[PDB]
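Chemist: pasting an experimental structure, sequence included:
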Amino acid sequence: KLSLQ
Amino acid sequence: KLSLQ
Amino acid sequence: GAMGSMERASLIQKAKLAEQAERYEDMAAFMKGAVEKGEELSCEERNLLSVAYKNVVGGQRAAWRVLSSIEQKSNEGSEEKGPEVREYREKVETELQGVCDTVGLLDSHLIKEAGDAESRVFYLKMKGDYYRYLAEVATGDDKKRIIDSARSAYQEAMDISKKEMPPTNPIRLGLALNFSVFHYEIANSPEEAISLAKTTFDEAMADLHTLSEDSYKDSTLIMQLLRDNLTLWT
Amino acid sequence: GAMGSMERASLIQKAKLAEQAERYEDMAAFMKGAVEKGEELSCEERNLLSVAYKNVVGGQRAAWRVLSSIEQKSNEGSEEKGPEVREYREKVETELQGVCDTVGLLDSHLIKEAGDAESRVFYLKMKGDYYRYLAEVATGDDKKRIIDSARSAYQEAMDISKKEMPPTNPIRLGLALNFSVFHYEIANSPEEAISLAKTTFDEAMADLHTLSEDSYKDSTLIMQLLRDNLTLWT
Ligand SMILES: [Ca+2]
Ligand SMILES: [Ca+2]
Ligand SMILES: [Mg+2]
Ligand SMILES: [Mg+2]
Ligand SMILES: [Mg+2]
Ligand SMILES: [Mg+2]
């Protein structure tokens, strides 16, 4: 959710 | 989509 | 089987955990292990079996439809791209057929031990459903026999459900919904599909007055699915 | 490998078909086969590799988090339910660790042949990411070494990206975003996470004037993710 998705 | 899901 | 060493109760517990984790392949393997213990399944356990394999085969069917659509487009002014689309569609198709063939569990030996209407109708509807999924991808010399196997399973389930269950029974309603879809999508019988959906809806409507609030919600939910299909088809 | 007999180009074509079908396990197997042909990967092919394994490990991580949360609740006034939750969490954990260990591909031999900044930063960021996923589930004597492997990979990628890429480069931005998440979620360094995200955002902002409309959209998309995290963390 916080990292590159 | 038409059958029981 | 790889689940032969695990306790039946542990398999059921892990099937429920797999459902919460959305690990439906695991869930199906656990429930296959539970069935292979040889004991009959409770109502809740039957639902776990159905949920697991419906999710697994649902993903396979969705992927098969994407790949089939690409394959059809490639076979039009289209540029030749080699055998790869057909090969990969075939790969997904074979895996799908393998899962349907596994759901074997009904024949060895769930159906022959199912004596109560709720279990027997549930399994025969499942048998119809998975033959219907085989029919969706069938193109060969056995397509007619596959379709008739689906029809025969649905018909036996229907006969039992009409004799042994009230018209609002959710299993009876879901069976009628799916048999109606079989008529529309597989058997080239839209009029039979519409007639079945309409009669099922009307007879359930007339029986709702007998139900508790919770049973009323259960039955009207599936009645709405019948209505949704009728709205689409008429 | 099971893909050893398939043409490199056919593996790439089928990876793209698998992506359209949302068959990410297949996609990863195809791209693993393509990597094992021994040739370097193009920009598009690197993205296919990353998309495939990110989706596979993303599902595993989501399931591990569900099961870990259930396991933690069971270890409180809680009723003992047996070893099943731990066993199944361990099963998912082992499979996750296996996928991270496979993504081996970087060490044999993608990174050592990657000389251009865009390829080398991409692979080193990947190496940081998959060590970070190993760190998320690590509890043993190697947890510190796993964390340092992630840190070291990210740091080398950062050093190259700052020397060789403009501050708006999407690979540089996504690396900074993920290294910032590493600091916040893994390394217990929220202040470093916030500082990195803020400096990355500000330096990209100042470089947007050099960009085409399409590059501007690419860069501002990742800048918004940096801002979203900063908004959450401050
Ligand atoms: Ca036993
Ligand atoms: Ca070749
Ligand atoms: Mg076993
Ligand atoms: Mg019996
Ligand atoms: Mg091969
Ligand atoms: Mg090179």
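Modeler: Nice, thanks for sending it over. Numbering: from 1, shown residues only, chains lettered A, B, ... in the order given. Ligands and ions are numbered 1, 2, ... in the order given.
Chemist: thought residue C:71 was touching residue C:90?
Modeler: No: using CB atoms under 8 Å, residue C:71 is not in contact with residue C:90, being 9.6 Å away. Where C-beta positions appear, they are placed from N, C-alpha and C, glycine not excepted.
Chemist: which stretches of chain C form helices?
Modeler: Taking DSSP state H to define them, one finds helices in chain C at C:8-20, C:24-35, C:43-74, C:84-102, C:111-113, C:117-137, C:143-164, C:170-185, C:190-205, C:213-233.
Chemist: so which elements touch the longest one?
Modeler: Under the contact criterion of 3 or more CB pairs under 8 Å, 6 or more residues apart in numbering or on different chains; DSSP states H and E, the helices and strands touching helix C:43-74 comprise helix C:8-20, helix C:24-35, helix C:84-102, helix C:117-137, helix D:8-20.
Chemist: against which helices or strands is the last one packed?
Modeler: Looking back up the chat, that one is helix D:8-20. Counting contacts by 3+ CB pairs under 8 Å, 6+ apart, helix D:8-20 packs against helix C:43-74, helix C:84-102, helix D:24-35, helix D:43-74.
Chemist: ok and the third one relative to helix D:43-74, angle-wise?
Modeler: Using axes from the mean of the first three to the mean of the last three CA atoms, to 10 degrees, the interaxial angle of helix D:24-35 with respect to helix D:43-74 works out to 140 degrees.
Chemist: buried residues in helix D:24-35, which are they?
Modeler: Neighbour-count burial for helix D:24-35 flags D:24, D:26-35 (criterion: 16 or more other CB atoms under 10 Å in any protein chain shown).
Chemist: could you export the residues you listed as a markdown table, including distance to ligand 3?
Modeler: Formatted as a markdown table, the buried residues of helix D:24-35 follow (distance: CB to the ion, whole Å):
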| residue | distance to ligand 3 |
| --- | --- |
| D:24 | 27 |
| D:26 | 27 |
| D:27 | 30 |
| D:28 | 27 |
| D:29 | 25 |
| D:30 | 31 |
| D:31 | 32 |
| D:32 | 28 |
| D:33 | 31 |
| D:34 | 35 |
| D:35 | 34 |
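Chemist: most distant residue from the centre of chain C?
Modeler: Relative to the centre of chain C, the most outlying C-alpha is that of residue C:77, 38.2 Å out, by CA atoms, centre = their mean.
Chemist: separation between it and chain A?
Modeler: Distance, residue C:77 to chain A, by CB to the nearest CB, to the nearest Å: 38 Å.
Chemist: cool, and residue C:136?
Modeler: Noted for residue C:136: a distance of 33 Å to chain A, by CB to the nearest CB.
Chemist: what do you get for residue C:32?
Modeler: In this structure, residue C:32 and chain A are 34 Å apart, going by CB to the nearest CB.
Chemist: residue contacts, residue C:146?
Modeler: Residues near residue C:146 by CB atoms under 8 Å, 6 or more residues apart in numbering or on different chains: C:131, C:134-135, C:138.
Chemist: quick check: PyMOL command selecting the buried ones in those.
Modeler: Selection of buried members from those for PyMOL, criterion 16+ other CB under 10 Å:
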select buried, chain C and resi 131+134+135+138
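Chemist: list just the nearest of the contacts of residue C:146 to residue D:143.
Modeler: residue C:134 (48.7 Å; CB to CB).
Chemist: picking that back up, need the helices and strands packed on helix D:8-20 in CSV with distance to residue C:153, can you?
Modeler: What follows is those, written out as CSV (distance: least, CB to CB, whole Å):
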stretch, distance to residue C:153
helix C:43-74, 15
helix C:84-102, 13
helix D:24-35, 31
helix D:43-74, 33
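Chemist: around ligand 4, pick out the residues from chain C.
Modeler: C:113, C:115 (CB under 5 Å from the ion).
Chemist: can you name the residue of chain C nearest to ligand 6?
Modeler: Per CB to the ion, the residue of chain C with the smallest distance to ligand 6 is residue C:84, at 27.5 Å.
Chemist: that residue reaches residue D:14, doesn't it?
Modeler: Yes: counting by CB under 8 Å, residue D:14 is a contact partner of residue C:84 at 5.6 Å.
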